[PDB]
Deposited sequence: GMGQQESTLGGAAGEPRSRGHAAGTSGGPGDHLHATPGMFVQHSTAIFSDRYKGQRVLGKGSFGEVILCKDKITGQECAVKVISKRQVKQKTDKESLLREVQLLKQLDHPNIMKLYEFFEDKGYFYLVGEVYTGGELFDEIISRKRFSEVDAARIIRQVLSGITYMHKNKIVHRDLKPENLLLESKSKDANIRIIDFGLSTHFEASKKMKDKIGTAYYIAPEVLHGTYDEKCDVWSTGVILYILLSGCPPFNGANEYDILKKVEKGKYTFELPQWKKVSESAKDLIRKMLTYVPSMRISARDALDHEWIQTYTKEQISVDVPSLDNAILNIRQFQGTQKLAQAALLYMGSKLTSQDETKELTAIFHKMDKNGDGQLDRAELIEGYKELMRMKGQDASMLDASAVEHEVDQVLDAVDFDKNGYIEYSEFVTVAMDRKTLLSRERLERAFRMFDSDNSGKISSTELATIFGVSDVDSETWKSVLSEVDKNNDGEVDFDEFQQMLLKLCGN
């Protein structure tokens, strides 16, 4: 019955029709014409990518349920999922840099420093997925999108159509994937999440050499080579490549699954952790402001909590969140895309150092105490970590977040029956729960309900957040 807010809970919540929220602009990307479309949010102006499917049914809902559970800077963001009598609409964050595949086929080779940045990002994404008991099963350059045409463009893992939850008690069986990238043990039909590490190793091999490690004339020929598992670093193709990169590839293409490196350990591999010593630059004012915002969140009621998370997780662009994203990655010491307690502690210590404060001025456990309070307050879903959307929601300048349009969008999202007022039932529904506690609704009303009708109109909704 608990009210734990996640970005995922908003995805299928809209009572509205697709065409009443979005205006179609052009086709987007290089696929079959008209299947993916660039659209503008009619209220906010926000551009998005809409996958339109004419109506297969069951598996698309599985995909949506998985994407809803995932909130990571290297995983595609899903905004909304609509269903008509004739169409499904998957509305997502737009990534304008095209597939990694297309960068590969347009150049001989990636430099080690360039391949490492890309692979770090993939490994950050799948370390997070695996920790959440989700395996991708179709990692390949086609399913990695670049966020923009910029040369520093972040990588997004997409196309979770073949993805599933996995358990330690039973093995996966489905002989599923794509020939160049599929782990030998998938072919044999008993496997675990290490199948994703193999696929990622193949991507890495291709990035550094320009060729697949298991090749052939057709799908059957490719699969026999994969089954056999034998690969080589042919000279002179590989002559200039460092031993350390080869070491990583050797670990990720390790044939026996139990001896293959995990995604977390690959993320922690020396080649990944040492490829650069460049530090992300964050100015004192911005970090200080972020921490300020973060620590002041304690005590917020549930309607405001859900409203803010909707706005931060669904209605903010990358351009709008640039500084906060940089702060997030700076604080994310192990680079797994989550902030844990230890990392938050170091974030506080870092700020103190930057501001020229004396740390010993505080008692030994002063920082730990602060972080324990911040954690309870900012960890929306109570999973013990601060995820990217939780962080941005709370760390962003509140006046910036609460634009007129975001406010309208948020209100209409909660006001399911379009009555002009938000009810306790409408709050219960958005949280995906059967009933909201009588106590929880009361704590909302005592702060927000200015005219004592037991519901929240647009005027009170604005005041709740703005004042």
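Counting from 1 along the deposited sequence, which stretches lack C-alpha positions? The deposited sequence has unmodelled segments at 1-30, 86-92, 505-508.
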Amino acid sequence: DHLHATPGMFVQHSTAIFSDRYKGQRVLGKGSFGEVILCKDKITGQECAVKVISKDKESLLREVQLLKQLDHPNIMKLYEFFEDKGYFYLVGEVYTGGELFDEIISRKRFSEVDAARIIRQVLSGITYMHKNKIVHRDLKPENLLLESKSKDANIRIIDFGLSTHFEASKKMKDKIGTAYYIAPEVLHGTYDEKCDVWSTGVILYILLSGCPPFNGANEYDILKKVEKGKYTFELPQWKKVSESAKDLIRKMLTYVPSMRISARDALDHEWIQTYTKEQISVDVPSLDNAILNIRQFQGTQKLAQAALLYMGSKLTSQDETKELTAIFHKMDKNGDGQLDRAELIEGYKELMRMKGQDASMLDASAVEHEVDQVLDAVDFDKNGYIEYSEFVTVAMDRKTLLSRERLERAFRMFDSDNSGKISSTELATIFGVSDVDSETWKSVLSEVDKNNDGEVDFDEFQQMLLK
From here on, numbers count along this sequence of modelled residues.
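Highest mean C-alpha temperature factor of the two stretches 302-310 and 359-367, which is it? On average, C-alpha B-factors are higher across 359-367.
Would 373-381 or 116-124 have the larger average of its C-alpha temperature factors, as given in the entry? Mean CA B-factor is higher for 373-381.
Exercise. Quick one: which of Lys140, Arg353, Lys277, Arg264 has the biggest Cα B-factor according to the entry?
Worked result: If I rank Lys140, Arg353, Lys277, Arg264 by C-alpha B-factor, first place goes to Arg353.
Inset, instruction - Just grab whichever of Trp198, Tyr89, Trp271, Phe328 has the top CA B-factor as deposited. - result: Of the options given, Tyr89 has the highest CA B-factor in the PDB entry.
Split into thirds by Cα B-factor across the chain's modelled residues, where does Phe233 land: lowest, middle or highest? It belongs to the middle third of the chain when residues are ordered by C-alpha B-factor.
- Classify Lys421 as lowest, middle or highest third according to the C-alpha B-factor given in the PDB entry, relative to its own chain. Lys421: CA B-factor falls in the middle third of its chain.
Where does the C-alpha B-factor of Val433 rank in its chain, lowest, middle or highest third? CA B-factor rank for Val433: highest third.
Please place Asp56 in the lowest, middle or highest third of its chain according to the CA B-factor in the PDB entry.
Within its chain, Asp56 is a highest-third residue by C-alpha B-factor, going by the deposited values.
Taking the entry's C-alpha B-factors for this chain, is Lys399 in the lowest, middle or highest third? Ranked within chain, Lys399 CA B lands in the highest tercile.
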